[PDB]
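Remarks on the overall topology
Residues per chain, in single letters:
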Amino acid sequence: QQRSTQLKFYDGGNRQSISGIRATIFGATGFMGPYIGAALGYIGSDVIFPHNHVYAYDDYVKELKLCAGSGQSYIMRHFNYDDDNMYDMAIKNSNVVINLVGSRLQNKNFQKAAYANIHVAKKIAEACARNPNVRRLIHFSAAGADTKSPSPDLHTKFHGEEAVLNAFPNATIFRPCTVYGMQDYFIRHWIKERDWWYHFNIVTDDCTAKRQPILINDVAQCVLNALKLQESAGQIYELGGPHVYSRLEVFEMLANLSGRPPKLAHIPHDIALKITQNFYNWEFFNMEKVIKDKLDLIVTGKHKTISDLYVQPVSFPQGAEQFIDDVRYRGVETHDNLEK
Amino acid sequence: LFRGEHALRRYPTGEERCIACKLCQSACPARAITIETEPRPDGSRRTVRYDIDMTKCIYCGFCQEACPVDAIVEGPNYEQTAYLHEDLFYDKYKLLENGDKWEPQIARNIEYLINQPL
Amino acid sequence: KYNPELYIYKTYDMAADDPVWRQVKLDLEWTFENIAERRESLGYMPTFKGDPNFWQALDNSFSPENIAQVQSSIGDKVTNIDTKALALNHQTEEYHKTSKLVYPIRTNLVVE
Amino acid sequence: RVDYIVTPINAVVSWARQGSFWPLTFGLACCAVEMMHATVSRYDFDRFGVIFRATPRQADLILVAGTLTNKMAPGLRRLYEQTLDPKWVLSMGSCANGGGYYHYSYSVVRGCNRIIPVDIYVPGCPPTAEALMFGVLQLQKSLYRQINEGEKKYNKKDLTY
Amino acid sequence: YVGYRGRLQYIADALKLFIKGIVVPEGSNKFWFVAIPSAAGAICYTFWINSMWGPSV
Amino acid sequence: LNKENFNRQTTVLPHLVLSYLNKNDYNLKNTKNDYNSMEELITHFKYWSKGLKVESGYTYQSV
Amino acid sequence: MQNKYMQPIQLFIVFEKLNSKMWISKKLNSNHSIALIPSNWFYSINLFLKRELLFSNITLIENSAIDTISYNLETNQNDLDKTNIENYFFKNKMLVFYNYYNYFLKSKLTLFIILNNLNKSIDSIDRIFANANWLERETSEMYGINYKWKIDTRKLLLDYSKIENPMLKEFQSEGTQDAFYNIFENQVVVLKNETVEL
Amino acid sequence: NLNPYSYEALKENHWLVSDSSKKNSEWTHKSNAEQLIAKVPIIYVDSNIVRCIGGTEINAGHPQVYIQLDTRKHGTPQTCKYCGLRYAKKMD
Amino acid sequence: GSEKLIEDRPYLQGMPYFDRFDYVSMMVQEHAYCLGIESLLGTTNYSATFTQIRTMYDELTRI
Amino acid sequence: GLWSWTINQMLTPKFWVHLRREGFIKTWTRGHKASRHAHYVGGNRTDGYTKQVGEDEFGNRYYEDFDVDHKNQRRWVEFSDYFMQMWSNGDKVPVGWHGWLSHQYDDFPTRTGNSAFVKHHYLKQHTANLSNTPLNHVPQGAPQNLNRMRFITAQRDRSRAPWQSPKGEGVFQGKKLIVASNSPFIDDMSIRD
Amino acid sequence: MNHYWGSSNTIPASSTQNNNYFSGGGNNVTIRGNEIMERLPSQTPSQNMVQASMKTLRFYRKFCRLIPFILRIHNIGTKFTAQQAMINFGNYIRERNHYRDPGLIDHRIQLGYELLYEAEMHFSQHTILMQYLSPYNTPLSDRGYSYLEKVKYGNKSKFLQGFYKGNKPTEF
Ligand SMILES: CCCCCCCCCCCCCCCCCC(=O)OC[C@H](COP(=O)([O-])OCC[N+](C)(C)C)OC(=O)CCCCCCCCCCCCCCCCC
Ligand SMILES: NC(=O)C1=CN([C@@H]2O[C@H](COP(=O)(O)OP(=O)(O)OC[C@H]3O[C@@H](n4cnc5c(N)ncnc54)[C@H](OP(=O)(O)O)[C@@H]3O)[C@@H](O)[C@H]2O)C=CC1
Ligand code: SF4
Ligand code: SF4
Ligand code: SF4
Ligand SMILES: [Zn+2]
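Method of determination for the deposited model, per the PDB record: cryo-EM, at 2.96 Å resolution.

Going by the PDB entry, chain D carries the name NADH dehydrogenase subunit 10 and comes from Tetrahymena thermophila SB210. If you open the UniProt record of chain D and go to Sequence similarities (unreviewed entry), you find "Belongs to the complex I 20 kDa subunit family."

Structure representation (structure tokens):
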């Protein structure tokens, strides 16, 4: 090869040190963005965050500014996403490019879902192929990405994987399985839905779909380890949890940890699909959520696993029990539990 | 006498007044002034780096008190509010352009202050 | 200890509740009145007026030709660099330009 | 076609939030004293609608005006987290900006931006009440403009999509 | 400076209090935390029914 | 009353006592600065680089 | 010093077992007297000061320790006499000074107690003078002084869950820790500090 | 015109790499002051020793410095070491 | 750590630290520090005493 | 911004004189440009309006009136840009007028004639607060700076300048790669006579 | 006893009873007391290293009896179990087992009691007080760990592990 994938950086430093990593993280205004930036920025690395997020006063961009210290974290506002010049400027002085851009679950239009995933991934990969100083490109797709997937997000994520591998052959395609955390869309969504209905969680199937949740801290550690391994260049890594669970099992585990009795109110899948297709979709109500509820997102074993980049993920019961502290059921308790 | 924004002055000929003597750096109570000096090719003694951390500056006027050529001063400009901690990291470019912008009023005030014992 | 002097709050005016503070107030007013009288009698006040001639590259110790050429090289069209004035101000120690604030102090209106 | 409605309502919402900017009654030091001076008669924040609320729940602005110590950084982080959205942050003074006089101290955070995200910085030590009012007014203008900065592009019919 | 010479200050205050987000502390009872303000708003808007503006008006 | 004098302008003269009792020090401070005298420039350089040297000892001053 | 002055020699008259060493200076006030006091005879000395006529009208004005392990005469070394509190600083390793004011005698007293034991242990007069609570807490947290028989030993100005003695010549100004915000913890953590150097 | 780093150029320019353009100084020293002072011509003074204060009054410029215009080579320009002004004898 | 910061700086470079001790009374602390330095130097501020500036501004600070 | 001049303030010779002089647009926009008080539009006195003390390079007009009811309100500026109530700010006042408006001195800039301020060749025009704009102050090595790598290399080269290893095919004399020395200095002893 | 650890400084079980209708009682050993700590008097000076060691053991006993409450109220029960926290603090004490000055040991015991009270009364943050409970050579039990160093540096010496990592940044 003529494009060096070597990335010599010092990870033993702290916030005010220098690691030698100059990274541009596209699509960091979501959920995994702040954690990836913190993973890069907490070892003393320069991080740039391009964004076009509406309502620039949202906590997402502001917390993105907190990923690295002063003089190391920069935030590009009003990124065009259609300007090759802007893409070149975003990674002019960067040797790592991390593309977390993907169609949001709120989206249901295929053209917009195809736009974000395929178009932005292709443009980022092409920009990485024009700047010789870029060493690594880590592209984040989903686990159940396939051309036959009913979900436009998964279909266009498979297309984006193919486009990134074509444009930048030395890319690392991460396919995490149901990332969960504090600002996630899995445990936070479970809590908020159960609190809004107060009587049940809305299910649209038998909840037999397979899930392999992985912690966001584990995903960040996987990113760091992949940057520490040259064998990860141009390879597909599936980031799954230690075990595979159905949606019913995940509901049962969350209920047992929080103590809330699990009530699962069923709605016909066809009716749910109709109402989600024909109505406005937001974060908590979307055809993408329905379709992913009727899909399996686990490690299929067709590519390298999290064990290939050498991260031992924590168990989903452990992570969830860490993240459900204040939503615990207040049943009959010891008098010593009154003093908190 | 108002102590506003640190700025670098220049002679009426356009030559910068600072001679890179680091007296302001030694006299800065909060150590906000960092000076690195390399002689200019013509042979003069000038700063190649003159940085003032406006986040580490207590706006005390010791730099202009200790300056023997009245190069560093504190102009009246107090509307130096910035949206970035990096924007608050002043360098020689910013100090020189600020002194160029604010030289007339700075010159007037410094002239009046000089005429007090004179 | 055997004959204390107490200050007692009696009226609305703390100054009026003490003979010394009334005298202090009267002293302040008398000072204001006499300063006003002294300033009105003169009818004007000297003031410091800045001038660009203060900020030149050469002092009076240099010849008028050198001062003129240095000021013309730097393109200063505001300073007075005429050789006649420079020669008549060679090695002089005048204090500074001063203006006069002329009483009464009133607003400049536009009445039509 | 929903952009027909939201954009005028975007302007109305921005005007409403800038016209009732309520900062949290939380000060630490000489900067807090100057902040109090920025409220009283001579410089009236009530003219622009800036009235202080004692609890972070009722405050839109977190005005970090003073020195943040390692014994206080969790407190400032909790105060920022408990402030109801949308919220903005103004770091007043050299201590809040980057440590200031005590940047080389063992018990100073060396800037509140290390703990909470800062929206705007006022540099003085202490900033004059005029400087603080300038920072507040600039923040109000920015947050008025922040609701619609032109992120959405214009189609052939000049309606943002 | 809200409106011209501060004419629309109250409108701005009311609209801002509308726009301000609300989160219920997870250690608090959500039902009562939301219901008591609703009951207060219902009761405070029963004041104007007990008001005379003239003889039997 | 004078007509071309600061004494005419103002009654308070915050330098009359100092010029009355320490006229030598007053003249030395006014006329000599770090721009025309070598000793004053040396004092200025040592004052803003290392500072004034203080004799060893313990003091307690209360105000 | 043209005022009426008298040494507080009655203290050493009563205790009759202490080598009295007193200093006056024009660097101090004219009513200020410095006296050397042994560590063993400090609680008794303070009992006598608190409950004796012409001394009972006294208050504890100040209290602080000096880490004299690194005390060096930077200038005028040869001018050091044989009767100098500077010499007493030189020979020893720590010394706690207590400043009292006597209203009856209109006088200032400064007792110096010399510590050479490594643990820096000394009795606490917190149970005699109410000032000594927070003053001695500051002295203990900043200099590592072990105040035996103290009313309250908790720290006063130091950060929670931190054990250090910052006011020592060995301790650098920048310290050893810095508090940051950790996204993975969603809260403030403490890490090694890489501070700036001028 | 002469190539820098040569013996003659170094001996002339105080054993420093002379730059005619001075925009190299504009980059390195973050100021075009070298060009701005190169615009200023040479001042000719009759006396053997000239005095420079930087301006018109004391405290308005730099401390007084005395420049010797009576050099080994007649009419040799001498630069102020506080400002950038150059002085020389009237004739030689 | 104001005391340690003062101990790590010259006398004048640690003088502004006393402004922030009592930011309500920012000149009395300066006066106390200057009196301590003068007592260490064994002198007095004749100019400040004769100009009445210290007493006047300390009373303004008290107000 | 309706009723810039109140009716009671329009029943005043000042309003009619200003209307006859500057016209309706300029007369009405004055209450919007520098809204201070209802009775302070154009000056406190009613027989006339305050004469314009001076004009700014940015179109701002500066007035001084000694008849205001408080001493700290005698000098004011009316801005050219008055689009919103909270639009104008204190950073639009230039260098010359900043001191006059802040009562640092009684001198004010003049377009022509005798000047109270120096006018040197290196002076730059005043600019408002450029933060939160693309023209904000960028440190030479900040990530926002697109030429940061040059500055970082300049930093590193002062104490640890790296050795430029050969990059490509080179002449080999046995095991040694032959590349010419890149020293700008010339050893004249090797080239002499 | 007029102390924070006094037997009467217990939170009542009910609003009208201490424990029951026939007996009193309360829990201040494993949870916090009813009243805040106004004063924390000095440990009585120990003339013997024996007494210093007894003080150390009693302080460790008090800490161990209180660690489930600390884990529960600080939401760190998933990072380590109660026994894991006890073992980690035991390792912390073992690193200080070489102390031989009874006065210094008394000072350390006072500091440890103060820190334990700080963590007991929510004075200190959980992310800051967990450094004493954090494991030394093992990862935290609430997040995934990386064994890349263990695998790549298989059975290599600690010197080689430090050598391949480095002690300074490689860019400056
Ligand atoms: C905690 C109670 C302390 C003593 C309270 C003594 C009376 C106080 C009266 C003042 C107002 C109190 C709050 C009123 C609103 C909540 C009602 C309530 O308690 O519901 C409990 C009931 C029962 O609550 P629940 O569901 O939690 O109880 C189930 C029983 N447990 C949990 C014990 C197993 O709530 C409901 O039924 C909820 C739905 C209906 C809500 C109806 C009220 C909503 C507000 C409407 C306006 C009210 C004011 C109208 C004014 C008219 C003009 C004067
Ligand atoms: N979270 C999970 O459980 C999993 C996520 N993934 C994928 O990993 C990636 C990172 O995760 P996550 O943070 O949760 O993702 P999110 O869905 O929460 O965030 C998507 C990001 O892409 C941006 N974006 C979306 N649409 C567009 C568009 N049309 N043009 C430009 N930018 C756009 C968003 O910015 P803006 O705010 O402007 O819309 C945001 O920064 C995503 O691609 C996600 O789908 C994969 C497996 C599991
Ligand atoms: S004003 Fe004081 S703190 Fe600020 S740069 Fe100048 S000397 Fe340093
Ligand atoms: S004191 Fe003045 S001349 Fe000396 S280095 Fe500082 S700015 Fe330059
Ligand atoms: S920045 Fe200056 S004025 Fe503000 S708190 Fe710190 S020391 Fe006080
Ligand atoms: Zn000169």
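There is more to say after this.
Take the overall build of chain D next. A count of helices and strands for chain D gives five helices and three strands. Reading the secondary structure of chain D in the N-to-C direction produces α-α-β-α-β-α-β-α. By residue count, 63% of the 161 residues in chain D fall in the buried class. Taking as baseline every contact in chain D between residues at least 6 positions apart, the subset at least 24 positions apart corresponds to 79%. A gap of 5 Å separates the mean positions of the 18 positive and 12 negative side-chain charges of chain D.

Moving on: the coordination of the zinc ion (ligand 6). Residue and element names in this part refer to chain H. Looking at the zinc ion (ligand 6), the protein donor atoms are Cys 52 (SG), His 62 (NE2), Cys 80 (SG) and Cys 83 (SG), and they sit 2.0 to 2.3 Å from it. Around the zinc ion (ligand 6), the four donor atoms are arranged such that angles at the metal cover 86 to 127°; this shape is classified as tetrahedral. Counting along the primary sequence, the residues that act as donors to the zinc ion (ligand 6) give the motif C-x9-H-x17-C-x2-C. One end of the pair, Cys 52, is in strand β2 (residues 49-52); the other, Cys 80, is in the loop between β4 (78-79) and β5 (86-89), and 28 residues separate them in sequence. Taken as a pair, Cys 52 and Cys 80 share a single burial class, namely buried.

With that out of the way, let us pick up the packing of helix α1 (residues 49-74) of chain K against helix α3 (residues 102-120) of chain K. With their axes 10 Å apart at the nearest point, α1(K) and α3(K) run at an angle of 10° to one another. When the axes of α1(K) and α3(K) are compared, the pair comes out roughly parallel.

Of the residues lining the interface, ten residues belong to chain J; the matching set on chain D comes to eleven residues. Roughly 900 Å² is buried in total at the junction of chain J and chain D, and carbon and sulfur atoms are behind 57% of that figure. When the buried area of chain J at its contact with chain D is split by residue, J:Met84, J:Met86 and J:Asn89 rank highest and sum to 64% of it. The tally of links between chain J and chain D comes to three residue pairs in polar contact.

All names here are of chain A. Spatial strand order, β3-β2-β1-β4-β5-β6-β11-β14: eight strands in an open sheet with parallel pairing. At either end of the open sheet lies a strand with only one pairing partner, and these are β3 (73-76) and β14 (304-305). Relative to strand β2 (residues 46-50), strand β1 (residues 22-26) runs parallel, the two sharing three bridges. Considered in β2, the bridge of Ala 23 is made with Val 47.

All names here are of chain A. Residues in contact with ligand 2 amount to 21 residues; listed here are only the nearest, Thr 29, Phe 31, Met 32, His 53 and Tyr 185. Between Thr 29 and ligand 2, the recorded distance is 2.6 Å, taken from a side-chain N or O atom to an oxygen atom. In isolation ligand 2 exposes 890 Å². Once the protein is present, 85% of that is buried. Taken together, the residues of the shell around ligand 2 break down into 13 nonpolar, six polar and two charged.

Before going further, it helps to examine the side chain of B:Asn77. Along the chain, B:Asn77 turns up in the loop between β4 (72-75) and β5 (89-90). Among the residues examined, B:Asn77 registers a relative accessible area of 8% and is labelled buried. Polar side-chain contacts of B:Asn77 include one of 2.4 Å to the side chain of B:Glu5. Once you skip the residues sitting within four places of it in the chain, B:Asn77 turns out to touch B:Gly4, B:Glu5, B:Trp102 and J:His98.

We now examine the site of ligand 1. All names here are of chain E. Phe 31, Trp 32, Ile 36, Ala 39, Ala 42, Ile 43 and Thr 46 make up every residue found near ligand 1. Relative to its unbound accessible area of 1200 Å², ligand 1 is 26% covered by the protein chains. Among the residues forming the shell around ligand 1, the class breakdown is six nonpolar, one polar and no charged.

In spatial order, the strands read β2-β3-β5 (chain B); together these three strands make up an open sheet with antiparallel pairing. A single partner strand is all that each edge strand has here, and the edge strands are β2 (33-39) and β5 of chain B.

Here we take up the interface of chain J and chain B. The interface is formed by 31 residues belonging to chain J together with 35 residues belonging to chain B. Between chain J and chain B the total buried area reaches about 2800 Å² when both faces are included, carbon and sulfur atoms providing 55% of it. If you look at where chain J meets chain B, you find two salt bridges. At the junction of chain J with chain B, the criterion picks out 14 residue pairs in polar contact. Of all the secondary structure elements, the ones that give two or more residues to the side of chain J that touches chain B are α3 (95-101) and α4 (148-160) of chain J. Classifying every residue of the side of chain J that touches chain B gives ten nonpolar, 17 polar and four charged.

Another point: the UniProt feature "binding site: Zn(2+)" (unreviewed entry) in chain A. All names here are of chain A. According to UniProt, the "binding site: Zn(2+)" (unreviewed entry) feature falls on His 155 and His 159. Here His 155 is to be found in helix α5 (residues 152-167). Owing to a relative accessible area of 18%, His 155 belongs among the buried residues under this scheme. Relative to the elements of secondary structure, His 159 occurs in helix α5. For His 159, a relative accessible area of 29% corresponds to the partly exposed category.

Moving on to the pairing of strand β2 (residues 98-102) of chain C. All names here are of chain C. Little of β2 is tucked away, with zero of its five residues classed as buried. Across five bridges, the pairing between strand β1 (residues 44-48) and β2 is antiparallel. By the bridge assignment, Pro 46 is partnered in β2 with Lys 100.

Proximity of charged atoms lets side chains of opposite charge pair with each other. Going through the model one piece at a time under the given rule, you end up with 68 salt bridges over all chains. As a salt-bridge pair, E:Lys20 and D:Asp60 come within 3.5 Å of each other at their nearest N and O atoms. Of the two residues, E:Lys20 sits in the loop between α1 (9-19) and α2 (30-44) while D:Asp60 sits in the loop between α2 (30-37) and β1 (61-65), which places them in two different chains. Here J:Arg45 ties to J:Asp47 by a salt bridge, and the two come within 3.1 Å at their closest N and O atoms. Classification of J:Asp47 by relative accessible area gives partly exposed; the value is 32%. Several salt bridges converge on common partners, so that one network encompasses B:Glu15, B:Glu16, B:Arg40, B:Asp42, B:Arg46, B:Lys92 and H:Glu34.

Residues and elements named next belong to chain C. A cluster of nonpolar side chains, namely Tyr 9, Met 14, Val 20, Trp 21, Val 24, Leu 28 and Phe 32, defines an oily patch on the protein surface of about 750 Å² accessible area. Here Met 14 shows up in the segment before α1 (19-42). Among the residues examined, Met 14 registers a relative accessible area of 45% and is labelled partly exposed.

This part covers a negative patch on the surface. A cluster of acidic side chains, namely C:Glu29, C:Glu33, C:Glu37 and C:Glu40, defines a negative patch on the protein surface. Take C:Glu40: it is sitting in helix α1.

Residue and element names in this part refer to chain H. Here β2 shows a clear split, with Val 50 and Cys 52 buried on one side and none of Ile 49 and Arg 51 buried on the other. By the bridge criterion, four bridges tie β2 to strand β3 (residues 65-68) in an arrangement that is antiparallel. Bridged to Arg 51 within β3 is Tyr 66.

A few words on the nonpolar core. Most often, soluble globular proteins have nonpolar side chains that are buried together. Residues B:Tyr50 and H:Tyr87 are the most contacted members of the largest nonpolar core, which totals 90 residues. One finds A:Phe9, A:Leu257, A:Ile306 and A:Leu309 within the second-largest nonpolar core, a separate group that totals 67 residues.

In this view chain C stays clear of chain E, with the nearest C-alpha atoms of the two still 25 Å from each other. Separated without contact, chain D and chain H have their nearest C-alpha atoms at a distance of 24 Å.

Parameters and conventions
Residues numbered from 1 in each chain as written, not as in the entry; some residues may be left out. Chains lettered and ligands numbered in written order. Part of a larger assembly, values for the part shown. Heavy atoms only, no water. UniProt positions renumbered as here; feature names shortened; annotations may be inferred. Helix = DSSP H or I, 4+ residues; strand = E, 2+ residues; numbered from the N terminus. Buried < 20%, exposed > 50% of the residue type's maximum accessible area, 1.4 Å probe, protein only. Contact = heavy atoms within 4.5 Å. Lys, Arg positive; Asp, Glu negative; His and termini not counted. Charge placed at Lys NZ, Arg CZ, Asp CG, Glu CD. Donors = N, O, S within 2.8 Å, 3.2 Å for Na, K, Ca; no water. Tetrahedral: all angles 85-135°; square planar, octahedral: opposite > 155°, others 65-115°. Axes fitted to C-alpha atoms, helices over the stretch in contact; angles between N-to-C directions. Parallel < 35°, antiparallel > 145°, perpendicular 65-115°, else oblique. Buried area = accessible area lost by both parts, 1.4 Å probe. Polar contact = N/O pair within 3.5 Å; in protein donor to acceptor, adjacent residues only side chain to side chain. Pairing = 2+ DSSP bridges. Near = heavy atom within 4 Å. Areas by Shrake-Rupley, 256 points an atom, 1.4 Å probe, with all protein chains shown as cover. Nonpolar A, V, L, I, M, F, W, Y, C, P; charged D, E, K, R; others polar. Salt bridge = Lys/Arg side-chain N within 4 Å of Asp/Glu carboxyl O. Patch = residues over 30% accessible without salt bridge, like charges linked within 9 Å, V, L, I, M, F, W, Y side chains within 5 Å. Core = buried A, V, L, I, M, F, W, Y, C linked by side-chain atoms within 4.5 Å.

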